[PDB]
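Let's start with one chain on its own, the form deposited in one PDB entry, as structure tokens.
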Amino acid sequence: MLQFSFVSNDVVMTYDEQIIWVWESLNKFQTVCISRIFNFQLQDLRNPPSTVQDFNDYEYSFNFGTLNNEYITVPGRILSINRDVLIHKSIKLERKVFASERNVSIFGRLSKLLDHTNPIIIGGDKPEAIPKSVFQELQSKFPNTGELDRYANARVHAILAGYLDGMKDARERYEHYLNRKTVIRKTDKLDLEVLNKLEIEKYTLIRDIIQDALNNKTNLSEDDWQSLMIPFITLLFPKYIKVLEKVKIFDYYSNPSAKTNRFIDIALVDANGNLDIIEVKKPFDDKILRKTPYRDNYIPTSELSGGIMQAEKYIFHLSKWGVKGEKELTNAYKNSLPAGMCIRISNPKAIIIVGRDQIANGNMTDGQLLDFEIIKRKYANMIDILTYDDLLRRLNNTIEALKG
């Protein structure tokens, strides 16, 4: 048992059954550990017990550092910490303040975290002091009996969750109790404003170049347009880490007698190594939609349909190539790919950039807008269908979100 009392200048704690070990260890090392949190020298003991007196019969009295300036001063050596600690009179000195549950040295953990050598002060009129109410809040937050039991139940539950059925939901209860506690402070966060500003600077530059190319560049060929957009594709689509050109694939459907080589003009490699196809096509007023609806339904134009068919054919040829194709593609592009990465077909999908939307023009009526959205999601293989005006709108939305 530990009883804490203050007499005049010094504050003395009393250890209250076999205390023979304490005396022996105190003699052996000139230091004993009381409750794993107190380190006292033979000098610290107010009176050494006589070898003739029974150590168990003797009541041990260990002395803390002298209190002054209305603050109890406790030596660093007793807590085995470099910085000494100051405790206010208003807090009643006790073991709960010194140690948390499981004999955790609250002051010791605090000392390791604090790089400054300035002595810790609690509930003091001094500016560098812990608010007493907040210090009590930290004590409540520290793990307590039954919080450890919830963690223990959760750890065993996680190991046998599949193996054992009928086990109580220990993990859910432990997480819920932990969720009520909020270790992090919302005010102390990372602004990340400079990083966001650089992202805006990157998005604006890509948006400005593509917009300028639509406005003034029509002379350049479709292949020249592909080359212009090839650097931007990696930044517009960060999921695809590498861009591959003229990817030869093998055909076993167009000609049964002999394989026919097919060349994907632009292909995309995911960080996972999955393979996707991107089709870049010359922008036109209406290369994405027709002029007259069929049977009261707007339909995709020959240009868009042909572009979807080209990408669909390449995906179909890759799906047939399967594992053999991945090995051939991996060996051909191993240097291009980051080391430890292999191309995997993984059900290839296609990204299409055809024409410019008339929504910006305002020519498209609400019924046309509905059909335009449906044409965009009509094909599963074409995960995303985009128009150059739509791509600019997506860039504008991303820039606005970063700005806000």
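Note that residue numbering follows the sequence shown and begins at 1. Basically, rigid core = biggest C-alpha set you can superpose within 1.5 Å across the two forms.
The same protein also has a form deposited in another entry, omitted here; what follows describes it.
- With the core held fixed by superposition, the comparison between this form and the one not shown singles out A99 as the only member of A99, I200, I230, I210 whose CA moves by at least 2 angstroms.
- Positional change of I345 between this form and the one not shown stays under 2 Å at the C-alpha, relative to the superposed core.
- Annotation for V323: C-alpha shift under 2 angstroms between this form and the one not shown, rigid core superposed.
- Relative to the superposed rigid core, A258 undergoes a CA displacement smaller than 2 Å between this form and the one not shown.
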